[PDB]
Amino acid sequence: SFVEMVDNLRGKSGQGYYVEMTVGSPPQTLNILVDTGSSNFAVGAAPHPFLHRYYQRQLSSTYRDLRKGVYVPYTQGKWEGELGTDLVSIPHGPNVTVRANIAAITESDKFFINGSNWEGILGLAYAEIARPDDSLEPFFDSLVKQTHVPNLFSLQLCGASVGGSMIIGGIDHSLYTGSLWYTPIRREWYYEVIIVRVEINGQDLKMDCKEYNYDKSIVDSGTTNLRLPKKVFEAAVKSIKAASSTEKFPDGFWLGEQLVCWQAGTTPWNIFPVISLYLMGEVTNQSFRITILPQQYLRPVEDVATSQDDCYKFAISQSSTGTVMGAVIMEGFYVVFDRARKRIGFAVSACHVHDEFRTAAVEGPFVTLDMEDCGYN
Ligand SMILES: COCc1cc2cc(c1)C(=O)N[C@H]([C@H](O)[C@H]1CO[C@@H](COC)CN1)Cc1cccc(c1)OCCCCN2
């Protein structure tokens, strides 16, 4: 019954994927960012230079004020607002209506993005990281509690405008090929997983696998980049530099500051390596790997000059809060957030990344010893 939800996501490259939602009675329509890296449902509720519309509580007869304030800090952006509840629907989703907590955003700093076409954010992670505390029930928990929608969703994010699907309540098997491979959700707060091995062009990075998950690894549709802990980032960039040393790149390209360009249609894909992330599996001593192409971590950006060249930003960057498996990792895969069984599944997406000689993949089974040692404590 999921066909109604296929292709219910839109966005601009690097500016997030959003789904259409209605809040209030009568329904007010808003585009809402889909974010598995946070747990608050919040909407613009006051004018802002980057908002074309916003939630007007006064016009909703079903609005209820919770008389508590709230703030959520993200990596760089932040907002504060007033908590309340209201009726919410998803037009291209399940045919249900829920009373959900809504943070009405009244003030913000570097949160809304100019031209992103979304006006709010839907945090799909667990209550443990909700603000102000874990008693503010997240949207998806409300949806499951108040309806019969099964306790899972899946995200199919497609690359180069962007689109995709959020299948709410199940798995749509026409959106992927091959088998689904599942990794345990290590803890219900972020969607935390355990990376047990990293390979670049087939060569093991040969680090203590604890380094990969220091201090955690998460699956985050609300972040563009693959973000890596400092030691892992340095090892990965060194190795990526070595593979592509045929060409010289500005020192600021590797830091995400300067873009690189080539004559349109001459991007030298073959000099950049594939990256394989091995994830903890479902059975003892078993893992699986997902393989990432340079077409995923070299993100296309608009040509800032007058050239008709292809230009790219390096979409692997350094982190101090653990690994983030962001949108560039998720693009091309069908990712199943199986909350009911505490696991996350990966499969090759119908919109998977295409090279002539290489292909993004999800492969298993593999044997990996002492996977338990890879978690950080
Ligand atoms: C590389 O660093 C900078 C950076 C880049 C991007 C997103 C974030 C940060 C970000 O903050 N994402 C947020 C995501 O909840 C994270 C935040 O830090 C962690 C959670 O803490 C609560 C991990 N989950 C969600 C978010 C917020 C504001 C704007 C966004 C997304 O716009 C989406 C388009 C841009 C995506 N790219």
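We count ligands from 1, going down the list as the structure has it; atoms in each ligand are counted the same way. Counting from 1, the numbers follow the sequence of the chain as shown.
Those atoms of ligand 1 with a heavy atom of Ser38 less than 4.0 angstrom away are 15 (O). Listed by number with element, the atoms of ligand 1 under 4.0 angstrom from any heavy atom of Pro73 are 21 (O), 22 (C). Listed by number with element, the atoms of ligand 1 under 4.0 angstrom from any heavy atom of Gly14 are 34 (C), 35 (C). Set against the non-hydrogen atoms of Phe111, the atoms of ligand 1 under 4.0 Å away are 27 (C), 28 (C), 29 (C). Each of the atoms 32 (O), 34 (C) of ligand 1 lies under 4.0 Å from some heavy atom of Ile113. Listed by atom number, the atoms of ligand 1 under 4.0 Å from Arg227 heavy atoms are 1 (C), 2 (O).
Between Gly37 and ligand 1, an N or O atom pair is found at a separation short of 3.5 Å. Considering backbone and side-chain atoms alike, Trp118 places every N or O at 3.5 Å or more from each N or O of ligand 1. In terms of polar-atom proximity, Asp35 is counted as a contact of ligand 1, with an N or O under 3.5 Å from an N or O of the ligand. For ligand 1, none of its N or O atoms has an N or O atom of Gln15 under 3.5 Å away.
A 4.5 Å side-chain heavy-atom check between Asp309 and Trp262 finds every atom pair outside the cut-off.
For atom 28 (C) of ligand 1, a protein heavy-atom neighbour is found at a distance under 4.0 Å. For atom 4 (C) of ligand 1, the nearest protein heavy atom is 4.0 Å or more away.
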Name the atoms and distances for all side-chain donor-acceptor pairs under 3.5 Å in residues 155-172, with sequence neighbours left out.
residue	atom	partner	partner atom	Å
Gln156	OE1	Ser165	OG	3.3
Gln156	NE2	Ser349	OG	2.9
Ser165	OG	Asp7	N	2.8
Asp172	OD1	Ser174	N	3.0
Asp172	OD1	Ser174	OG	2.7

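Using a 4.0 Å cut-off between a side-chain N of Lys or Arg and a carboxylate O of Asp or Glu, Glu234 and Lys238 do not qualify as a salt bridge. Looking at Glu82 and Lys68, no side-chain N of the basic residue comes within less than 4.0 Å of a carboxylate O on the acidic one, giving no salt bridge.
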For this session: Please test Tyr55 against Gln28 for side-chain hydrogen bond (donor to acceptor under 3.5 Å, both in side chains), starting from the C-alpha separation and ending with a verdict.
Result: CA-CA 7 Å; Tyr55 180 42; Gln28 296 173 54; 5.9 Å; no
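Not a single heavy atom of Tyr18 sits closer than 4.0 Å to an atom of ligand 1. For the pair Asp220 and ligand 1, a heavy-atom separation below 4.0 Å is found. Using a 4.0 Å heavy-atom cutoff, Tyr190 is listed among the residues neighbouring ligand 1. For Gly326, the closest heavy-atom approach to ligand 1 does not fall below 4.0 Å. In this structure, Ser116 has no heavy atom closer than 4.0 Å to ligand 1.
A disulfide (SG to SG under 2.5 Å) check over residues 305-346, counting only residues at least two apart or in different chains, returns the pairs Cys261-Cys311.
Remark: the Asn40 side chain and the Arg131 side chain contain no N/O donor-acceptor pair separated by less than 3.5 Å.
Between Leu369 atom CG and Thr284 atom OG1 the span is 11.5 Å, to the nearest 0.5 Å.
Between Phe140 and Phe153, the gap from one ring centroid to the other is short of 6.0 Å. Ring centroids of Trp254 and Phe314 are separated by less than 6.0 Å, placing the two rings close together.
Heavy atoms of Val324 found under 4.0 angstrom from ligand 1: none, in either backbone or side chain.
Shortest contact from atom 36 (C) of ligand 1 to any protein heavy atom: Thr224 OG1, 3.3 Å. For atom 18 (O) of ligand 1, the closest non-hydrogen atom of the protein is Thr75 OG1, 3.1 Å.
Ring geometry, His173 versus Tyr176: the interplanar angle falls from 30° to 60°, so the pair is classed tilted.
Linking ILVMFWY residues whenever their side-chain heavy atoms come closer than 4.5 Å, directly or via other members, leaves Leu87 and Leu143 in distinct clusters.
In this comparison of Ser317, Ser108, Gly222, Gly256, the heavy atom closest to atom 26 (C) of ligand 1 sits on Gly222.
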